[PDB]
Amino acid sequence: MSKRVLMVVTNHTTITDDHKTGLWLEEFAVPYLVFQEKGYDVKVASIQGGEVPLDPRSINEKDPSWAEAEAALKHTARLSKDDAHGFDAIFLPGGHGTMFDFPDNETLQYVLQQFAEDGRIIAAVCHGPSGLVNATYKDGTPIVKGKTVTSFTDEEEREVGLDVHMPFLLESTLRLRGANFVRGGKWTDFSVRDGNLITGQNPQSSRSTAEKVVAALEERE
């Protein structure tokens, strides 16, 4: 019976009065469609449940293929510790919202710990790796320690101008937590697999990140 994928997205919108965010739509929609095409059972969750806010910079070029993804985001499940089991993979799309509601969320930390402990696939794109910054194995070892990873880069963050409003810088912090960070050109498709941990750099990496998940799941048929 089919592999099962848990997708978890942000519900955060606030940075300053002049700067709002949310989920970066493509980072959910393109993976969701890939997983649905493969026949996987996908559970769509968010930190809060309900209707997920989209980063306004991410809603202007919606693909006609994204209709079902978009609709799924209007009525998400609220992430639970129960979601720590029953799934072959977890996938964390980005958007700057994640920097504010993923890193310190105890439910998500608990879920990622169990996925890691259990040898399942953990994938994240762009700011999605924020969910990993304070996630650990049971023994306290950071999940990213000694692992090859990518994320939205500090250079990309400085270019967009929002580095000064981030609680921490994601690439910097992942390296500080013990990750071996790697990247490609700003705004190019770059993703990496290190065993069970798969990461992508930016919106342009959404598809390749998802395809790495598919390949890892295909191995475990």
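For every residue, the number given is its place in the sequence shown, counted from 1.
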* Which of the two stretches, 43 to 51 or 184 to 192, shows the higher mean Cα temperature factor in the record? -> 184 to 192
* To do: Look up the CA B-factors in the entry and say which stretch, 70 to 78 or 131 to 139, has the higher mean.
  => 131 to 139
* Structure fact -> Looking only at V9, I198, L25, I15, the Cα with the top B-factor belongs to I15
* Would you check the entry's CA temperature factor for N60 and let me know if it's in the chain's lowest, middle or highest third? => lowest
* Asked: Ranked by Cα temperature factor within the chain, is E219 in the lowest third, the middle third or the highest third?
  -> lowest
* **Ranked C-alpha temperature factor of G86 among modelled chain residues, by third** => highest
* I122 by Cα B-factor - lowest, middle or highest third of the modelled chain -> lowest
* When the modelled residues of the chain are sorted by Cα temperature factor, does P93 land in the lowest, middle or highest third? -> lowest
